[PDB]
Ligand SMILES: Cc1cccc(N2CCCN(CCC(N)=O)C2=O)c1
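A single chain, nothing else alongside it, follows as structure tokens in the form deposited without the named molecule.
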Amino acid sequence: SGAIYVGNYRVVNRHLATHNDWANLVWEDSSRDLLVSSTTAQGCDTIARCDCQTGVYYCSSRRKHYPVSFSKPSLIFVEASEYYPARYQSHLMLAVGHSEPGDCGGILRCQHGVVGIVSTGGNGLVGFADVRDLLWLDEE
């Protein structure tokens, strides 16, 4: 589990979104496994605005933050998981590392802020849903 809290936005994995998230929906995209809902309270996370390919992610299933290199956001074929069939997922970045279903929502961060959240895992790879192209999170 996990979210990003920026301004009056909450960013979560679409497959973990709550009723309150859908009841306060701003934007959602199945292909990216992302959903954004509106918040009453201001959040304090900063979204990275950059093309970094190195950062650190949180892996809840190891209680550890791991430094990783990660690929550029792309359309990646993902094997079936407990929460999606095998499919193409867009705006996804891969690293070599551990990721189980419960790790979804863990933050990937670089020097500029939050890059994205864990979304995929298996075959010794971790996949992160990028948020750096969602420039509207910074405003309004």
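Only residues modelled in both forms are compared. Note that residue numbering follows the sequence shown and begins at 1. What we label the rigid core is the largest C-alpha set whose atoms superpose within 1.5 Å from one form to the other.
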(message) On mean Cα temperature factor in this entry, is 38 to 46 or 63 to 71 the higher one?
(response) 38 to 46
(message) Can you tell me which of 76, 114, 104, 95 has the maximum CA B-factor listed in the PDB entry?
(response) 76
(request) Could you tell me which third, lowest, middle or highest, the C-alpha B-factor of residue 33 occupies within its chain? (result) lowest
(request) Can you work out whether the C-alpha temperature factor of residue 87 puts it in the lowest, middle or highest third of the chain? (result) highest
(message) Quick check for you: using the entry's CA B-factors within this chain, is residue 53 in the lowest, middle or highest third?
(response) middle
(message) Is residue 121 in the lowest, middle or highest third of its chain when residues are ranked by C-alpha B-factor?
(response) middle
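The same protein also has a form deposited with the named molecule bound, omitted here; what follows describes it.
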(message) Using a 2.4 Å cut-off to backbone and C-beta atoms, with three or more ligand atoms needed to call it blocked: open or blocked for the named molecule placed in the deposited complex and overlaid on this form?
(response) blocked
(message) Quick check on residue 43: any heavy atom within 4.5 Å of the named molecule in the deposited complex?
(response) no
(request) Evaluate residue 49 for contact with the named molecule in the deposited complex, applying a 4.5 angstroms cut-off between non-hydrogen atoms, and reply yes or no. (result) no
(request) Would you mind checking 112 to 140 for residues with a heavy atom within 4.5 Å of the named molecule in the deposited complex? (result) 118, 119, 120, 121, 122
(request) Choose, among 75, 41, 96, 80, the residue with a C-alpha displacement of 2 Å or more between this form and the one not shown when the rigid core is used for superposition. (result) 80
(request) Would you please work out which stretches of at least three consecutive shared residues show Cα displacements of 2 Å or more throughout between this form and the one not shown, after fitting on the rigid core? (result) 79 to 87
